[PDB]
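Participant: Residue numbers (PDB author numbering), protein chains in the order written: chain F, 21 to 132, 163 to 179, 184 to 263; chain B, 348 to 595; chain G, 22 to 132, 160 to 263; chain C, 15 to 70, 75 to 110, 116 to 146, 152 to 298.
To start, I am sharing the structure in question, which I have written as structure tokens.
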Amino acid sequence: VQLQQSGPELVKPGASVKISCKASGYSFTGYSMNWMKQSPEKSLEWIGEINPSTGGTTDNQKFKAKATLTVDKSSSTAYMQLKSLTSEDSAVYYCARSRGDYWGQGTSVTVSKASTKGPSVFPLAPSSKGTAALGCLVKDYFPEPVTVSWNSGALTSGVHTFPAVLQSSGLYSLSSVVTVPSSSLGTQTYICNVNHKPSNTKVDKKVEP
Amino acid sequence: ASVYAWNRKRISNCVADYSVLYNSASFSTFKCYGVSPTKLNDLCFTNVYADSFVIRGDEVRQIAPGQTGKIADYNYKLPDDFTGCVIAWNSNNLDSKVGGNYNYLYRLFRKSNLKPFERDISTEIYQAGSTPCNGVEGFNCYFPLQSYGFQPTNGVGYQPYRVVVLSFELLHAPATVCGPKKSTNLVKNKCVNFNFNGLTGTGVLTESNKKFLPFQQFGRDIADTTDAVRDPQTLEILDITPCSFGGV
Amino acid sequence: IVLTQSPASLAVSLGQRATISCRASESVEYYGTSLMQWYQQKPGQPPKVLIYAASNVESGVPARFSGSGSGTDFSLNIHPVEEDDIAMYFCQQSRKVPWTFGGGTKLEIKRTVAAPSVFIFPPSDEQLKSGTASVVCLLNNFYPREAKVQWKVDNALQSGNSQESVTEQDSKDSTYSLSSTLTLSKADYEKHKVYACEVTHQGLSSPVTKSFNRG
Amino acid sequence: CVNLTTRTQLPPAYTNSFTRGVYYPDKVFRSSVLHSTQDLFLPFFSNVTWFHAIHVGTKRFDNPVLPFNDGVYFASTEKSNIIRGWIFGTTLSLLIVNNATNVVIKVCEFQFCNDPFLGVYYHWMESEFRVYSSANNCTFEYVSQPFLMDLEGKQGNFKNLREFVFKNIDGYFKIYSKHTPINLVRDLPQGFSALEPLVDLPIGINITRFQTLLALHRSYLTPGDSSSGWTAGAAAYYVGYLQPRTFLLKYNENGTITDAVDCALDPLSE
Ligand SMILES: *[C@@H]1O[C@H](CO)[C@@H](O[C@@H]2O[C@H](CO)[C@@H](O)[C@H](O)[C@H]2NC(C)=O)[C@H](O)[C@H]1NC(C)=O
Ligand SMILES: *[C@@H]1O[C@H](CO)[C@@H](O[C@@H]2O[C@H](CO)[C@@H](O)[C@H](O)[C@H]2NC(C)=O)[C@H](O)[C@H]1NC(C)=O
Ligand SMILES: *[C@@H]1O[C@H](CO)[C@@H](O[C@@H]2O[C@H](CO)[C@@H](O)[C@H](O)[C@H]2NC(C)=O)[C@H](O)[C@H]1NC(C)=O
Ligand SMILES: *[C@@H]1O[C@H](CO)[C@@H](O[C@@H]2O[C@H](CO)[C@@H](O)[C@H](O)[C@H]2NC(C)=O)[C@H](O)[C@H]1NC(C)=O
Ligand SMILES: *[C@@H]1O[C@H](CO)[C@@H](O)[C@H](O)[C@H]1NC(C)=O
Ligand SMILES: *[C@@H]1O[C@H](CO)[C@@H](O)[C@H](O)[C@H]1NC(C)=O
Ligand SMILES: *[C@@H]1O[C@H](CO)[C@@H](O)[C@H](O)[C@H]1NC(C)=O
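Below is the structure:
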């Protein structure tokens with residue numbers, strides 16, 4: 021059995037777009053196609069429960085709200101229409117059979163008042179002084199993620215690409231650094247390639263002291 | 348057959364030999380109750396009921412009239428006053444494929460443990476009480492039987508093996524079946540105490556020219572005394588003449 | 022029901038057993054049977070289930086995992102902890118309507161304690177031209193998670209203007225890589241000169257200072 | 015099932031049993047002796063209920083649910099294979120059916136339908157079974173035997189006599205059989221014949237009712253609904269009830285019973 025789930029969302033606060041979970045080999049008659057929430061932290065909780073055969077739904081009383089859980093068995097898919105939203109309610113929603121022995125790939129629900167913004171590439175110069187470290191800083195892009203490479207991928211050893219972080223500007227940022235012996239600083243070439251397809255931005259930056 | 352859908356066979360109306368089962372070394376895990384092990388051929392029973400199921404090693408003690416486990420209480424519950432008795436045989440190699448196999452299923456979830464000698468095949472998924480699933484698998488509502496993975500390399504008593512349980516239940520009707528018994532050679536010209544198919548007495552058992560009907564098995568003389576009897580092993584009629592007792 | 026789970030981060034070596042526990046608000050023994058649920062999630066993977074109910078286990082789940090409990094007290098047991106047994110493990114409830122999971126129960130591969165090497169990146173003049181300046185205080189591999197990074201800007205405490213980034217331990221070195229970033233405006237950063245980061249960790253008897261000046 | 019409804023009444027009559035209905039009380043062999051034995055026997059010159067099956075109109079079968087009344091002497095007289103079997107039990116359950124492929128003695132708790140019959144279809153093969161509605165335990169016995177019965181219509185004046193004694197002693201349903209070629213026209217012949225025992229059938233259910241089990245003739249020349257395909261083969265049978273009596277049985281040289289005398293009957297036999 022395979023689960024298909026769609027998809028990447030850029031919904032703004034106050035709206036609600038129905039998320040699809042195509043069932044494929046599911047029997048769609050005896051496995052409650054349950055829905056749960058995974059955030060960019062651990063913070064798991066169960067969103068709701070549905071009956072594909074019956075049609076009634078049981079939902080958590082804490083946030084009953086206006087979540088619309090429908091057993092659209094004609095397409096054999098469930099649909100998250102969680103009406104009324106806020107910037108806080110921005111997390112991945114997972115659909116899974118029964119208890120969750122087989123889940124779905126998940127959809128990125130990004131409820132933000164902001165919009166798409168192109169990334170900015172900053173040079174972090176090598177240390178003045184022995185292994186010196188240099189790199190690049192990707193700042194102020196939306197939405198996550200950004201693909202970063204070194205020398206178009208030619209530099210792999212000693213490269214650290216830390217995960218993105220959210221700031222108060224409504225955008226994202228991360229760093230890509232490398233540690234090398236200072237003998238490289240004289241001659242060796244380091245260029246970072248930064249790609250953000252949602253903004254279609256590709257920037258190549260030379261890092262040199 | 349699987350443990351929950353345990354297969355029942357009625358071997359009544361037929362003479363079965365119980366000694367061969369004892370002499371089998373493979374059927375080593377022989378733990379049964381009630382009738383003495385030597386007394387199987389000695390007694391007669393109305394019915395001969397056979398139940399069959401594969402289970403893991405640790406479940407040998409679990410399934411018994413005295414001891415009842417969750418799998419034992421539900422899937423197949425032996426009577427507390429168990430007149431028949433159980434045979435257990437280790438068949439790890441034949442049952443278990445490499446790295447385990449998945450062909451047998453055990454059922455363990457239900458509100459009520461089954462009464463003794465009860466078979467339940469229903470796949471209706473238990474709703475875990477108040478919460479109604481109405482036939483959909485969920486956190487509370489789960490499938491009654493879970494897949495059984497078995498391999499000898501597994502832990503404490505997980506080795507798969509077959510179990511056959513013999514139940515007699517001779518109380519209701521005349522005992523139609525009996526164990527093999529009382530086979531002895533024949534001697535003709537000598538005063539001997541004979542028992543030819545229940546006919547008790549002493550005498551000289553000679554060959555006889557006069558013959559019974561194919562219907563008739565015994566024969567009496569005038570004044571209602573036994574005169575000839577047909578030999579049950581080989582169908583011929585031997586006359587009887589009691590050995591001399593004249594005075595001196 | 023609110024389920025809070027005790028120790029939320031245990032370190033496990035290969036083949037070593039450990040217990041991470043879950044305490045609920047009340048007894049889950051409704052209907053005469055407990056209804057807790059136990060889930061494992063590898064980083065970036067669909068979290069599979071480990072138990073049908075209080076005691077049973079899903080098919081396809083190796084028997085090396087186990088656990089049980091009663092009332093408001095449940096726990097796990099995995100004698101053969103392998104490399105794959107490194108994930109986030111949550112516990113749920115199914116008696117009362119608000120079915121809720123737990124927090125975090127991070128398992129990490131056990132090794160000897162390694163001190164965290166500390167490095168500092170000052171923002172460049174090219175970055176300073178743009179209108180922002182980020183100081184990057186980064187740690188070069190260390191096993192124990194608990195570490196503290198504190199800023200001193202001409203020996204001044206800083207808070208409310210920083211962002212930290214955490215990476216999972218690699219399966220071979222079993223050492224965390226951590227980073228932190230102090231973001232200021234160009235004027236705010238260039239107003240002061242001495243910028244340093246202090247790292248306090250259990251593998252270091254004393255905190256380590258990495259410092260820089262403008263120029 | 016199929017309530018066959020073409021009966022034309024004509025209530026059954028009574029005929030003389032003459033000197034028929036004597037079996038072998040036991041497996042004992044004797045020779046040229048006269049033995050006085052007390053057992054259940056049909057008294058000599060007793061009234062036996064003459065049941066018919068004819069379609070010539076006047077179409078009528080005879081298959082009621084008669085009481086057992088302590089043993090039953092049944093006797094079918096056929097030119098073809100008409101009467102199939104018998105049903106016993108208290109509430110209706117022994118099922119001795121000569122099913123034209125197999126003699127099945129399924130002893131069960133099944134509750135079948137009214138007017139038990141099978142019916143055969145004329146392309152002269154069988155049609156169906158239409159009895160044994162339930163299955164239930166079917167515990168006691170299920171013995172059968174591959175047999176071939178030529179279910180056809182053979183015009184004549186019957187030359188078969190399947191004499192049968194059915195009784196239940198010590199839980200064993202003893203069936204005594206005897207077959208004899210007698211032409212006659214429609215009546216029960218004279219001449220003594222000893223019903224040698226056939227089977228014993230260890231059972232546990234005591235019988236209080238007796239039912240005869242017939243077969244219908246679905247044909248091409250009178251087909252249609254349930255009441256159309258009758259074509260009743262001209263046959264009959266006789267039923268009497270056993271009574272505790274002391275008889276005098278005379279054995280021959282080779283052990284077969286040749287004559288018998290009812291002790292009570294007339295003073296001469298006393
Ligand atoms: C008991 O067994 C013997 C043999 O196993 C059966 O008698 C044999 O009959 C065949 C042919 O009739 C002869 O060629 C053999 O010589 C016989 N054997 C002996 C030992 O005499 C006999 O029929 C069996 N009894 C039964 C079946 O009631
Ligand atoms: C044949 O006719 C009889 C009587 O006209 C009916 O038999 C009834 O069958 C039902 C079965 O549900 C019983 O509940 C009744 O008690 C029966 N009644 C009698 C009087 O026997 C029925 O119409 C036909 N029998 C069938 C179809 O089996
Ligand atoms: C007598 O006739 C049939 C003819 O086939 C016998 O055969 C049984 O047929 C049923 C279904 O066709 C099978 O389930 C049994 O296993 C067959 N039995 C045997 C011994 O082969 C059957 O015994 C009798 N059927 C009836 C209705 O009396
Ligand atoms: C009892 O046994 C048989 C039964 O038929 C009779 O013996 C027959 O005798 C005649 C004449 O001698 C032969 O033609 C037959 O072949 C014999 N039959 C058999 C089966 O051997 C015998 O006479 C009978 N005893 C009587 C009538 O008193
Ligand atoms: C018994 O049979 C005789 C002879 O046919 C008859 O006269 C008599 O009425 C019968 N008894 C009945 C019908 O009760
Ligand atoms: C088996 O026998 C019992 C008791 O005689 C009866 O209750 C049960 O209904 C029988 N089985 C079937 C399938 O009828
Ligand atoms: C006949 O059978 C019934 C039920 O088995 C039993 O109650 C009754 O006593 C029996 N009658 C006898 C054996 O005379």
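Yeah, the Cβ is synthetic: ideal placement off N, Cα and C, and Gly gets one too.
(1) So, are the CB atoms of residue 273 (chain C) and residue 243 (chain C) less than 8 Å apart?
(2) Residues in the same chain with beta-carbon distance under 7 Å from residue 132 (chain C), minus the five sequence neighbours each way, listed in chain order, please.
(3) For residue 409 (chain B), does the three-state DSSP call read helix, strand or coil?
(4) Going by beta carbon distance, what residues of the same chain come within less than 8 Å of residue 163 (chain G), once the five residues before and after it are set aside?
(5) Using DSSP's beta-bridge definition, name the partner residues of residue 56 (chain F).
(6) Answer yes if the segment 222-234 of chain G comes into contact with the segment 180-194 of chain G, meaning at least three C-beta pairs across the two stretches below 8 Å, and no otherwise.
(7) Thinking just about the alpha-carbon of each residue, which of B:543, B:528 and B:375 is nearest to the one in residue 613 (chain B)?
(8) For residue 46 (chain F), which residues of its own chain have a beta-carbon under 7 Å away from its beta-carbon, when the five flanking residues on both sides are left out?
(9) Only counting the same chain, and skipping five residues up and downstream in sequence, which positions put a Cβ closer than 7 Å to that of residue 403 (chain B)?
(10) Distance cutoff 8 Å, beta carbons only. Does residue 38 (chain C) sit that close to anything in chain B?
(11) To the nearest angstrom, how far is it from the Cα of residue 235 (chain F) to the Cα of residue 184 (chain F)?
(12) Taking 8 Å as the threshold, find out whether the segment 517-535 of chain B comes into contact with the segment 217-233 of chain C through three or more Cβ pairs.
(13) I want to check one thing, is the minimum distance from the CB of residue 582 (chain B) to the heavy atoms of ligand 1 below 7 Å?
(14) My assumption, with CB atoms under 8 Å, is that residue 64 (chain F) sits in contact with residue 111 (chain G). Please give the rounded CB distance.
(15) Distance, Cα to Cα, residue 216 (chain F) vs residue 255 (chain F)?
(16) For residue 77 (chain G) and chain B, any beta-carbon pair shorter than 8 Å?
(17) With three or more beta-carbon pairs closer than 8 Å as the criterion, would you say the segment 47-66 of chain C touches the segment 117-128 of chain C?
(18) Alpha carbon to alpha carbon, what distance is there between residue 49 (chain F) and residue 73 (chain F)?
(19) Could you give the distance in angstroms between the alpha-carbon of residue 552 (chain B) and the alpha-carbon of residue 565 (chain B)?
(20) Flag this pair as touching only if the segment 216-229 of chain F and the segment 190-201 of chain F have three or more C-beta atom pairs under 8 Å; answer yes or no.
(21) Take residue 468 (chain B) and list the residues in its own chain whose beta-carbon comes closer than 7 Å to its own, dropping the five residues that flank it on each side.
(22) Under 6 Å Cβ to Cβ from residue 354 (chain B), same chain only, skipping five residues before and after it: list those, please.
(23) Comparing the C-beta of residue 497 (chain B) with each C-beta of chain G, is any distance below 8 Å?
(24) Taking only three categories from DSSP, how would you classify residue 71 (chain G)?
(25) Listed in chain order, which residues are found with a beta carbon closer than 6 Å to a heavy atom of ligand 4?
(26) Roughly how many whole angstroms lie between the Cα atoms of residue 28 (chain G) and residue 126 (chain G)?
(27) Is residue 351 (chain B) helix, strand or coil by DSSP?
(28) According to the Cβ coordinates, are residue 18 (chain C) and residue 255 (chain C) closer than 8 Å?
(29) For residue 269 (chain C), verify whether its CB is less than 7 Å away from any heavy atom of ligand 5.
(30) Listing by chain order, which chain C residues have their CB less than 9 Å from the CB of residue 360 (chain B)?
(31) Between residue 74 (chain F) and chain B, is the shortest Cβ-Cβ distance under 8 Å, so that the two count as touching?
(32) What first and last residue would you give for the beta strand (DSSP E) that runs through residue 191 (chain C)?
(33) Can you say whether residue 361 (chain B) is buried or exposed, counting buried as having 16 or more other CB atoms within 10 angstroms of its CB?
(34) With a threshold of 8 Å on Cβ separation, who are the neighbours of residue 584 (chain B) within its own chain once the five nearest residues in sequence on each side are excluded?
(35) Which of the three DSSP states, helix, strand or coil, is assigned to residue 61 (chain C)?
(36) Between the segment 29-45 of chain F and chain G, which residues of the former have a C-beta closer than 9 Å to a C-beta of the latter?
Facilitator: Concretely, from the data shown:
(1) no
(2) 116, 164 and 165
(3) helix
(4) For residue 163 (chain G), where only same-chain residues beyond five positions count, the Cβ hits under 8 Å are 190, 249, 251 and 252.
(5) Bridge partners of residue 56 (chain F): F:66 and F:114.
(6) yes
(7) Since the first residue of chain B shown is 348 and the last is 595, residue 613 (chain B) is not available in this structure.
(8) 21, 96 and 117
(9) 497, 504, 505, 506 and 507
(10) yes
(11) 6 Å
(12) yes
(13) Residue 582 (chain B) Cβ: within cutoff of ligand 1.
(14) 5 Å
(15) For residue 216 (chain F) and residue 255 (chain F), the distance between alpha carbons rounds to 20 Å.
(16) yes
(17) Remark: fewer than three beta-carbon pairs, one from each stretch, lie closer than 8 Å, so the segment 47-66 of chain C and the segment 117-128 of chain C are not flagged as touching.
(18) 5 Å
(19) Looking at the two C-alpha atoms, the distance is approximately 13 Å.
(20) yes
(21) 352
(22) 348 and 399
(23) no
(24) coil
(25) Near ligand 4, residues with a Cβ at less than 6 Å from any of the ligand's heavy atoms are C:280, C:281 and C:282; the list follows chain order.
(26) 7 Å
(27) coil
(28) yes
(29) no
(30) By Cβ distance, chain C contributes 168, 169, 170, 171 and 230.
(31) yes
(32) 190-197
(33) exposed
(34) 555, 557, 558, 559, 566, 575, 576, 577 and 578
(35) strand
(36) none
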